[PDB]
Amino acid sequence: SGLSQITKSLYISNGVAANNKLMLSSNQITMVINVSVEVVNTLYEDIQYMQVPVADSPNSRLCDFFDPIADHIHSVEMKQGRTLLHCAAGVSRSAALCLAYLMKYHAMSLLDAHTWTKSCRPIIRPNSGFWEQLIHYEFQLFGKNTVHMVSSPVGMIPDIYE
């Protein structure tokens, strides 16, 4: 239950780490973005909190928060702060917002944003609906895609998953 650092000012974690006061202060976290409906945050002093109430479902419109949250992460960085994006497990919901942010502010293709994030936090795995949303957002940002949904015995998956 630790913090996976993604950039100089962005981290991803599960719900346990997100309420670990020492871990937040030691990593100089100033902004906590809870991407879940169900996780409750303990509100520590001098840390700002907010919540994006989405369930980890392929139907959840996380996409409506791609741009607004990406800009929020960027503003925190501009103000010399650091942001922790977390959900319940730090696997699907927070990971998807992180990918959107990397594409918008680090000029990375969806594929490169995923390779990078996966290297920082091995267990990330957005659900298939979030992948479709990320692919649509990638197309919006670059007019081209580097990840594509394909059929499989388990249903639609990003080609990245084979």
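Residue positions are given as counts along the sequence shown, with the first one as 1.
Annotation for 151-159 versus 3-11: the higher mean temperature factor (C-alpha) is found in 151-159. Take 48, 51, 117, 109 and read off each C-alpha B-factor from the entry; 109 has the highest. Across 27, 94, 30, 60, the entry's maximum B-factor at the CA atom is seen for 60. The deposited CA B-factor of residue 22 belongs to the highest third of values across its chain. The PDB entry assigns residue 34 a C-alpha temperature factor belonging to the lowest third of its chain's modelled residues.
Sort the chain's modelled residues by C-alpha temperature factor and residue 84 lands in the lowest third, per the entry.
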